[PDB]
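Enquirer: I'd like to ask you about the structure that follows.
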Amino acid sequence: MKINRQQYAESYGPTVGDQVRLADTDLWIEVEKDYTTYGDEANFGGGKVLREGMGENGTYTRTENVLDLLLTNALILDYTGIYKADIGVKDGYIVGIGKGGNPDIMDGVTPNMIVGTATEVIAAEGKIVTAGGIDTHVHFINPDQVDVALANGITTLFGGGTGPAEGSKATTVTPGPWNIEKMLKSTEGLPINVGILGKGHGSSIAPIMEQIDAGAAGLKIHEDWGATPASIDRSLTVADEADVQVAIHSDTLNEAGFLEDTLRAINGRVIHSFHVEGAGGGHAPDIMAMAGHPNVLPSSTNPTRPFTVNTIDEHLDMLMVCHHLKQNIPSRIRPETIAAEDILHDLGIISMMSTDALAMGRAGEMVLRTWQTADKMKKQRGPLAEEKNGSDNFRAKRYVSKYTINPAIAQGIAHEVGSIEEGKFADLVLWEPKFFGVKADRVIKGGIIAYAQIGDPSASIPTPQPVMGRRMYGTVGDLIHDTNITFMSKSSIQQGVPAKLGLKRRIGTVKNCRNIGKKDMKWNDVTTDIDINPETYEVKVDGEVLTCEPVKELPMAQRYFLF
Amino acid sequence: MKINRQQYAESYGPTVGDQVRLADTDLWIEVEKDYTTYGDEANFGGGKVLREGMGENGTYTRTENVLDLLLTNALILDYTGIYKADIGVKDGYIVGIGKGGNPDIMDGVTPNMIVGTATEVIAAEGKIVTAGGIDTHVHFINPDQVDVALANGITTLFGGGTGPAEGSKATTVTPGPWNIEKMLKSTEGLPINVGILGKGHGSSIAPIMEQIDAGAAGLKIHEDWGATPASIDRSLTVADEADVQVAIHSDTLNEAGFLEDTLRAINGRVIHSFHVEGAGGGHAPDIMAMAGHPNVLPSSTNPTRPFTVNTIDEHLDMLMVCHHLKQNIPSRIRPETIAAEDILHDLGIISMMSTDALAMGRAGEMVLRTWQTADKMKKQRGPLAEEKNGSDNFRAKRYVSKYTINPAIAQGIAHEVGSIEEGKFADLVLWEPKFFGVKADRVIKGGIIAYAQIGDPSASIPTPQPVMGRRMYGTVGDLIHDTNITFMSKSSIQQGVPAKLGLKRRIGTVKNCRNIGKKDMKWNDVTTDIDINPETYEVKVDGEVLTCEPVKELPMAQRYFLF
Amino acid sequence: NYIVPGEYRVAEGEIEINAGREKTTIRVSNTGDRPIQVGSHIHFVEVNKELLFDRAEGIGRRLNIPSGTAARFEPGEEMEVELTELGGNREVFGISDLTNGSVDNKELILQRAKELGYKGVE
Amino acid sequence: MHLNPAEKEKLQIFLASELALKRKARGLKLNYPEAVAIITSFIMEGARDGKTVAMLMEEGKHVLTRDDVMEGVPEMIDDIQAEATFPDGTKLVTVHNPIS
Amino acid sequence: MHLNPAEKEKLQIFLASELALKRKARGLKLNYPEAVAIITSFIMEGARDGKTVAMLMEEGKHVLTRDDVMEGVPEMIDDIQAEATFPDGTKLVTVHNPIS
Amino acid sequence: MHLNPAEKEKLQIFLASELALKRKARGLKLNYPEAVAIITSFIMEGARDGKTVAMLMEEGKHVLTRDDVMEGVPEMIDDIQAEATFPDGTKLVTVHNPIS
Ligand code: NI
Ligand code: NI
Ligand code: NI
Ligand code: NI
Ligand SMILES: [O]
Ligand SMILES: [O]
């Protein structure tokens with residue numbers, strides 16, 4: 001007996017060779033392989049397979065290889081591949097990617113993916129499943145920002161802030177032991193993973209280091225606190241000893257040095273370069289040259305992403321506003344660098360996306376703009392050379408890496424989060440293809456759903472209107488502790504800061520981020536000579552001129568959004 | 001000096017012999033007796049009775065027979081009677097039903113119902129007071145469902161689920177030790193009483209039993225997990241040893257057996273039969289015959305309640321939707344059984360109501376539909392034989408039992424909740440007669456108000472618009488722990504699960520539910536031979552044909568609801 | 005050129021289910037007066053007692069239909085079905101309690117089936 | 001008023017539908033959420049009018065047509081569901097494929 | 001805008017009143033919440049107009065009559081109260097027995 | 001509909017603008033929040049229409065004039081900002097000194 005492909009895909013989701021459109025873009029992903037055994041697919045409901053003595057094992061206790069949760073028939077889009085598999089979760093972690101069910105009667109069942117009495121089922125047939133997004137440029141300014149981030153598929157916020165204080169409104173900084181303590185305690189109430197950056201500023205070691213010891217997960221050097229050679233040097237000395245990441249927003253004014261002076265202060269050490277294009281801040285006009293260096297982990301913030309007809313006007317708008325806050329604003340907003348930034352993303356020269364949430368970037372549009380950028384580059388440059396089968400798999404993997412694995416690697420947290428791999432924490436986002444990258448269906452945090460687009464709570468079923476994003480049981484009562492991770496420095500963990508503050512959240516250790524570089528950025532590992540003409544702002548890559556133009560319209564926009 | 005009855009009732013609420021209309025139905029309840037001493041009624045305000053040295057005792061410390069809370073002049077509607085009394089609460093429990101005040105100067109004061117310095121007052125003159133509703137068919141799918149349930153007078157949710165996972169969306173199941181642990185911790189944040197059911201599925205004892213030991217309060221057998229003879233048998237063996245209830249949704253497909261096979265697997269053991277009519281699931285077409293057996297505790301879910309002109313169309317709607325989820329849907340939705348279900352409720356053959364919240368039933372309409380059903384039966388059948396004085400007291404007690412005491416008894420929690428009796432937890436709902444069964448005035452949880460229809464928080468007084476349901480102080484901070492009960496199996500309590508998980512809520516013990524049957528269902532204790540014709544679906548009770556028709560309009564509907 | 009958001013473009017061809025496993029066609033009658041649906045993965049010998057068929061031919065097997073679908077028998081209806089072999093360890097536990105071990109134990113299964121009145125045993 | 005949670009939420013649907021209808025009246029092709037809001041509010045107002053579930057299941061297929069909405073929107077909307085208080089209590093309306 | 005909590009809540013009353021007025025305009029007898037919304041919003045818009053508390057106490061008895069509402073609704077509504085910002089600050093309006 | 005948090009919040013701005021426009025239509029000089037709501041909703045509807053950021057920056061200075069608002073309101077409003085979905089994605093509009 002055979003099933004034609006069309007019916008197969010509409011019952012179990014697509015299989016090898018089938019392609020799926022991402023939202024309303026022209027990007028197509030193709031299933032590269034499938035872990036299933038045809039005819040033994042798992043599924044759940046009346047007269048279906050996951051029933052006792054059939055696809056559900058009736059014998060084994062929870063320890064006997066039995067899952068807490070099976071996502072059935074998921075189409076995984078990840079740096080590691082685009083493929084079809086069941087995903088098994090246990091103790092809040094991904095334990096198995098393969099084929100789930102009952103070895104009593106089914107062939108090809110991954111040994112630790114038994115569906116037993118202890119197993120919950122999520123049907124992912126017809127969905128795309130990705131890792132949760134990792135946003136490493138967050139300003140903690142307004143708690144309402146968390147649901148905004150969840151609704152667009154973000155599960156980890158790294159950054160700084162104490163709320164709408166001017167320091168926090170300008171910089172991703174929680175300054176000093178006491179502010180850090182207060183925000184670690186606040187974090188207890190936020191249904192998302194968090195890591196907090198201290199102020200990367202000082203001319204002695206101790207004022208800086210004491211923030212790492214208090215529980216910071218990294219540091220932020222920002223021009224508004226003095227992005228001087230001294231603060232750069234001291235912060236990187238601290239980071240090399242504490243094994244945490246430093247993010248930099250460099251001296252736009254070129255007051256104490258030009259870009260070459262900042263690189264000299266860095267002295268070959270690892271650093272994450274924020275909003276590398278420079279509209280968001282940094283050495284005018286040439287900061288973007290950072291992205292060519294092997295010791296630099298380069299991210300974009302999202303408002304320049306990608307380059308559109310309104311981009312400049314709105315940034316000129318944004319500069320007026322800065323003048324009105326009277327911020328030394330009589338160069339800064341450059342079509343040449345914003346255009347080039349599109350192409351650098353496509354070439355794998357800028358490795359990461361991030362938001363810049365509420366300071367100069369949009370908490371809920373990291374994932375959204377990543378795909379708009381990929382789609383614009385396909386429209387303008389065409390399929391990448393590396394593609395085949397007519398799919399966009401290569402570009403899809405390069406782009407998905409920018410907001411999942413690469414931020415995780417740069418931050419020192421990729422052992423926990425950032426990709427759908429065995430052994431990693433079960434932060435997972437389900438997407439209907441029609442909404443992919445726009446509005447997440449269900450956000451799983453530590454193996455429990457935390458957030459979902461779901462309907463009327465008084466109704467006979469959950470689908471009647473109004474369907475909107477809502478916090479689910481993972482966020483309620485004490486379960487918020489078990490489903491979310493506070494990331495902290497090794498020294499604060501060793502010194503017992505969690506117990507000293509009463510933290511009940513899972514504690515993640517930041518590590519292995521001093522011993523990495525550009526080469527470690529998955530699919531985005533290009534080092535090169537970037538030249539930015541001081542007079543014309545013309546961008547060259549290894550002597551070749553980079554040029555693009557803005558587009559009038561984007562997908563993943565007015566078809567979807569009520570405002 | 002005498003007060004005519006009209007003025008008496010408008011100052012103190014009605015007294016013996018007076019009748020009150022339930023909302024806009026044609027049901028009348030009559031005060032059967034009154035605990036008061038005429039002229040010594042308690043009341044609170046300027047120049048009123050509960051003042052120091054007068055109706056308030058100025059001598060006694062809180063331990064000396066003094067109440068924490070007196071509800072004055074309540075009209076109680078309960079399985080135990082419809083009558084007028086003051087209700088006294090202390091340490092979060094009902095300690096006295098009688099006559100409250102000061103034995104210094106008042107006659108007839110119940111000895112442990114002194115109003116003293118420690119006493120708070122709620123005026124219940126002119127209100128109807130009932131026990132909180134006990135919903136034993138809850139799917140935990142969206143936390144927004146809790147306020148929906150509170151607004152319609154429900155105070156205990158028994159059921160299962162991990163949020164909008166397909167397992168939970170189909171079945172009242174929290175599967176396995178870890179899911180159960182996570183949801184017990186979630187429960188810490190839900191302002192309502194909760195008990196959690198594990199998966200009643202397995203062919204070995206241990207995979208099932210380990211869920212009871214982890215903290216489940218009962219089990220659910222559901223066809224979608226395999227409602228086979230083995231899973232039925234193993235679950236009831238577990239339940240008989242652990243003293244918890246099993247709920248069943250049987251094999252609609254008749255795949256492994258017909259109804260007689262399911263009864264044989266049950267083997268005379270106690271079981272709660274969910275949505276016994278069968279639209280909600282179960283042996284097609286004859287499941288409803290379950291409700292005649294002495295070992296079966298039968299409930300209805302609410303969408304078939306009661307039978308109306310739109311009922312079938314909407315259920316046909318609901319079946320299309322199931323086909324579109326592609327659930328083996330090319338018999339199921341039967342006017343003959345839905346009609347008969349009306350009459351079985353009226354006859355005391357179906358003992359309980361429940362919602363089926365968010366899976367095929369409405370979280371906030373258990374109480375609402377109970378009264379719509381009673382009202383329809385009075386309109387069609389007329390007063391029951393047992394009535395007198397022209398009142399509907401007998402029918403009102405049979406119906407109030409369906410959503411208060413009978414679910415409590417079936418679940419093994421009636422020592423704590425389910426009726427207004429001395430010694431029980433102070434879960435109480437105040438209703439204005441005009442809104443009775445539609446929108447609760449104030450919901451009391453463990454002696455503190457948890458939820459209330461109340462107005463503008465910025466106003467000089469609490470009654471200005473907009474008046475809407477809102478969570479009150481009982482739900483805020485740590486008070487949520489003290490005002491709500493997590494019900495758990497004796498073995499999980501004995502094994503220290505509350506301390507092991509950090510639960511701070513009051514822990515209720517599930518017990519005495521293996522040693523009960525149909526005869527224990529208050530006012531609803533009828534056993535009989537139910538015949539369902541296999542060809543015509545005609546329903547007979549002891550050889551007599553049951554026949555009814557749908558109505559075009561219901562009370563407690565468009566007069567009240569904004570949508 | 006018309007864009008359907010999230011649409012599939014499936015590859016050409018067909019998927020064969022249960023490839024390489026023996027298949028067997030048998031006749032089955034619903035002798036009961038109520039409908040019976042049978043799911044793709046129930047061990048076929050353990051179906052409702054009132055289905056009359058050669059029970060021996062149900063051992064170690066299940067319906068050869070797409071995973072998660074069901075065959076339907078109206079009251080009185082007799083029809084053919086195609087069976088495929090169980091895979092994995094070829095063990096069955098629970099369901100109707102006829103096997104509780106290897107499906108190789110044919111005589112034990114049939115003896116339990118016959119004693120409990122599953123129609124169509126020798 | 002005694003608003004319960006659903007009554008408060010559902011005011012939003014009416015509001016979104018008013019917004020969408022103004023957008024349609026000034027000549028815009030409607031998007032996915034606008035279209036959903038319009039058809040949903042039509043259903044709830046229909047039930048308030050006392051129509052039957054069967055009537056609203058038919059009428060709901062003719063509230064917006066493909067020329068009223070952006071490209072792809074008809075195919076994005078497979079069903080629209082709404083619960084509302086009919087003269088005989090709350091019932092569920094599902095409109096399958098509302099826009100062709 | 002600087003909306004405070006009451007300003008945000010009270011937008012709902014205006015919205016419910018718009019909904020109710022559309023229902024009345026298409027010929028429906030209004031229910032309990034619709035009637036309350038209409039009279040309440042009338043009061044708040046009245047105060048915004050600069051009328052006095054005394055004026056709104058009188059006028060509020062003549063916004064809806066029994067023939068505008070379902071059976072029993074006049075007797076369900078004993079009072080309607082609303083606070084709003086008058087030219088001289090927030091004041092409370094109570095309209096006793098608004099519908100006969 | 002799949003409303004996200006901002007979509008739900010922004011319905012409020014449209015609603016406040018409808019309320020304010022009714023107040024203006026019956027002859028009232030508008031206050032600080034009413035004025036902000038009107039100009040903000042104008043911007044968001046403008047972006048929905050497909051206008052550019054530059055157009056809305058100009059037009060926003062001419063939606064209300066001093067004679068439309070109470071004394072002091074022009075000087076209380078230094079800027080009005082709104083983000084909305086343009087055909088090319090979300091952008092920020094700032095209107096400086098919208099009322100003279
Ligand atoms: Ni910056
Ligand atoms: Ni920033
Ligand atoms: Ni059920
Ligand atoms: Ni259910
Ligand atoms: O930034
Ligand atoms: O159910």
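First to last, the sequence lines map onto chains CCC, CCC', BBB, AAA, AAA' and AAA''. A prime marks a further copy of an entry chain. Quick note on numbering: the first sequence equals residues 1 to 330, 338 to 570 in the deposited numbering. Quick note on numbering: the second sequence equals residues 1 to 330, 338 to 570 in the deposited numbering. All residue numbers for the third sequence refer to the deposited numbering, where the first residue is 5 and numbers rise by one. All residue numbers for the fourth sequence refer to the deposited numbering, where the first residue is 1 and numbers rise by one. All residue numbers for the fifth sequence refer to the deposited numbering, where the first residue is 1 and numbers rise by one. All residue numbers for the sixth sequence refer to the deposited numbering, where the first residue is 1 and numbers rise by one. Here a beta-carbon is modelled for each residue, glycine too, at the ideal position from N, C-alpha and C.
1. Report the CB separation of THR88 (chain BBB) from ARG31 (chain BBB) in whole angstroms; it is logged as a contact under 8 Å.
2. Among the candidates CCC:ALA265, CCC:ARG269, CCC:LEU259, CCC:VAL148, whose CA atom is the shortest distance from the CA of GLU277 (chain CCC)?
3. Decide if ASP286 (chain CCC') is buried, meaning its Cβ has at least 16 other Cβ atoms within 10 Å, or exposed.
4. According to DSSP, which residues form a beta bridge with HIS272 (chain CCC')?
5. Which chain CCC' residues sit within Cβ distance under 9 Å of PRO74 (chain AAA')?
6. Judging by CA-CA distance, which residue of CCC:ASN193, CCC:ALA216, CCC:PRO164 is the nearest neighbour of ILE180 (chain CCC)?
7. Quick one: is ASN328 (chain CCC') near chain BBB, going by C-beta distance under 8 Å?
8. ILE13 (chain AAA) versus chain CCC: which residues are under 8 Å apart at the beta carbon?
9. Apply the 10 Å Cβ neighbour rule to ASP79 (chain AAA') and answer buried if 16 or more other Cβ atoms are within range, or exposed otherwise.
10. So that I know if they touch, is there some Cβ in chain CCC' lying closer than 8 Å to that of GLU9 (chain AAA')?
11. Could you tell me whether any Cβ in chain AAA is nearer than 8 Å to the Cβ of residue 138 (chain AAA'')?
12. What in chain AAA' is Cβ-close to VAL93 (chain AAA''), meaning under 9 Å?
13. In three-state terms, what does DSSP make of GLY282 (chain CCC')?
14. Would you say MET290 (chain CCC) touches ligand 2, meaning its beta carbon is less than 7 Å from a heavy atom?
15. Given that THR252 (chain CCC') touches chain CCC, what residues does it touch there, using C-beta distances under 9 Å?
16. What's the call for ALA247 (chain CCC'), buried or exposed, on a 16-neighbour Cβ count within 10 Å?
17. Within 8 Å, do at least three Cβ pairs link the segment 342 to 349 of chain CCC to the segment 409 to 418 of chain CCC?
18. Can you find the residues in the same chain that come closer than 6 Å, C-beta to C-beta, to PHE97 (chain BBB), ignoring five residues on each side of it along the sequence?
19. Mind checking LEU253 (chain CCC): buried by the 16 CB within 10 Å criterion, or exposed?
20. Taking the C-alpha atoms as reference points, what is the distance between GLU71 (chain AAA) and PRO33 (chain AAA)?
21. Using the C-alpha atoms, what's the distance from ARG38 (chain BBB) back to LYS123 (chain BBB)?
22. How about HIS488 (chain CCC): is its Cβ closer than 7 Å to a heavy atom in ligand 4?
23. Do the segment 59 to 68 of chain AAA'' and the segment 34 to 43 of chain AAA'' meet, that is, are 3 or more Cβ pairs less than 8 Å apart?
24. Listing by chain order, which chain AAA' residues have their CB less than 8 Å from the CB of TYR567 (chain CCC')?
25. Drop a sphere of 10 angstroms on the beta-carbon of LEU15 (chain AAA''), count the other beta-carbons inside from all chains shown, and report buried for 16 or more, exposed for fewer.
26. Taking only heavy atoms of ligand 3 into account, decide whether any of them is closer than 7 Å to the Cβ of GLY280 (chain CCC').
27. Compare the C-alpha of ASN540 (chain CCC') against each of CCC':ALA289, CCC':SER426, CCC':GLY98 and name the closest.
28. Beta-carbon separation of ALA403 (chain CCC') and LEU67 (chain CCC') under 8 Å?
29. Anything in chain AAA within Cβ reach of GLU348 (chain CCC'), meaning under 8 Å, just list it in chain order.
30. When you check each C-beta in the segment 34 to 49 of chain AAA'' against every C-beta of chain AAA', which residues fall closer than 7 Å?
Expert: Here's the rundown:
1. So it is not a contact: roughly 17 Å between Cβ atoms.
2. Out of CCC:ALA265, CCC:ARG269, CCC:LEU259, CCC:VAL148, the CA that lies nearest to the CA of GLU277 (chain CCC) is found in CCC:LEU259.
3. Result: buried.
4. Answer is CCC':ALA247, CCC':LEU297, bridged to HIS272 (chain CCC').
5. None at all; the shortest Cβ gap to chain CCC' is about 12 Å.
6. That would be CCC:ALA216, whose Cα lies nearest to the Cα of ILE180 (chain CCC).
7. Closer than 8 Å: yes.
8. Going along chain CCC in sequence order, the residues near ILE13 (chain AAA) (Cβ under 8 Å) are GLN472, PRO473.
9. Burial call: exposed.
10. By this cut-off, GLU9 (chain AAA') is an interface position.
11. What the structure shows of chain AAA'' is the stretch from 1 to 100, and residue 138 (chain AAA'') is not part of that stretch, so it cannot be assessed.
12. Here the premise fails: no neighbours, minimum Cβ distance about 16 Å.
13. Here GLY282 (chain CCC') carries a coil assignment [DSSP, helix/strand/coil].
14. Outside the cutoff, so no.
15. Chain CCC residues near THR252 (chain CCC'): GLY46, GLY47.
16. With 16 or more neighbouring CB atoms inside 10 Å of its own CB, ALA247 (chain CCC') falls in the buried class.
17. A contact is defined here as three or more CB-CB pairs under 8 Å, and the segment 409 to 418 of chain CCC fails this definition with respect to the segment 342 to 349 of chain CCC.
18. Excluding positions up to five away in sequence, the list reads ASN104.
19. Under this definition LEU253 (chain CCC) is an exposed residue.
20. Here the C-alpha atom of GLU71 (chain AAA) lies approximately 14 Å from the C-alpha atom of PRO33 (chain AAA).
21. Taking the straight line joining both Cα atoms gives about 16 Å.
22. Closer than 7 Å to some heavy atom of ligand 4: that does not describe the Cβ of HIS488 (chain CCC).
23. Result yes; three or more Cβ-Cβ pairs closer than 8 Å.
24. Those within 8 Å of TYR567 (chain CCC') in chain AAA' are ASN31, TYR32, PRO33.
25. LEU15 (chain AAA'') comes out buried.
26. Taken from the Cβ of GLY280 (chain CCC'), at least one heavy atom of ligand 3 lies inside 7 Å.
27. Looking only at CCC':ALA289, CCC':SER426, CCC':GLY98, the smallest Cα-Cα distance to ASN540 (chain CCC') is reached by CCC':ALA289.
28. Remark: C-beta atoms of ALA403 (chain CCC') and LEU67 (chain CCC') do not approach each other more closely than 8 Å.
29. For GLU348 (chain CCC'), there are no neighbours in chain AAA by C-beta distance under 8 Å, as the nearest C-beta there is about 15 Å away.
30. Listed by position along the chain: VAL36, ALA37.
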